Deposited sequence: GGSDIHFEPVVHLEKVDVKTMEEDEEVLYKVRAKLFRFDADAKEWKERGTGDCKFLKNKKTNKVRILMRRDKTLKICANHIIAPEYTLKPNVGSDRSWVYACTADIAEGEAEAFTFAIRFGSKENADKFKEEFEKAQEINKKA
């Protein structure tokens, strides 16, 4: 007898993932301002093979960074850190419409920062090949 019983990230691959602290430079006040702390991910779209940075804040999971790892971006060190990278971004859409930012990203150790730059450059080659 039959008895009847009672994020827009799905199409992507995770190349790299590291916990970091993201800063944005406020040129008016000439000071850095935190933008978020959490997992920074390199996500490769399976339909386009191009990679982006997606970073979310812990707990609230709100996006504090979303932009392509452009081949033209360049990671420069910060004067007061051996575990951070500074670079300008021309179109980040974490706060709505695209906008330009001077970002700084800090990690737990120099090696994680060096590894980040390693992956950051691998990802650039991928966005180059397409």
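S.K.: Quick one: where does the model skip the deposited sequence?
M.R.: Going by the record, the segments left unmodelled (no C-alpha atoms) fall at 1-4, 11-19.
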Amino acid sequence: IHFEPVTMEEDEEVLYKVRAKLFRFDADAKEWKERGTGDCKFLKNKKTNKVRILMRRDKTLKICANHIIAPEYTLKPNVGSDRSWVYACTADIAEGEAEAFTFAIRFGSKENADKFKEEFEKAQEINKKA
From here on, numbers count along this sequence of modelled residues.
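S.K.: Given the other compared entries that model the residues flanking it, would you say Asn127 is unmodelled in at least one third?
M.R.: No: coordinates for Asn127 present in every compared entry.
S.K.: In the PDB record, does 103-111 or 10-18 carry the higher mean Cα temperature factor?
M.R.: It is 10-18 that shows the higher mean C-alpha B-factor.
S.K.: Would you mind comparing 47-55 and 81-89 for me and telling me which has the higher average C-alpha temperature factor in the entry?
M.R.: So the stretch with the higher mean C-alpha B-factor is 47-55.
S.K.: Between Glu34, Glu97, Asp26, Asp39, where does the Cα B-factor run highest in the record?
M.R.: Each of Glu34, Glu97, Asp26, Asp39 was compared by C-alpha B-factor; the highest is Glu97.
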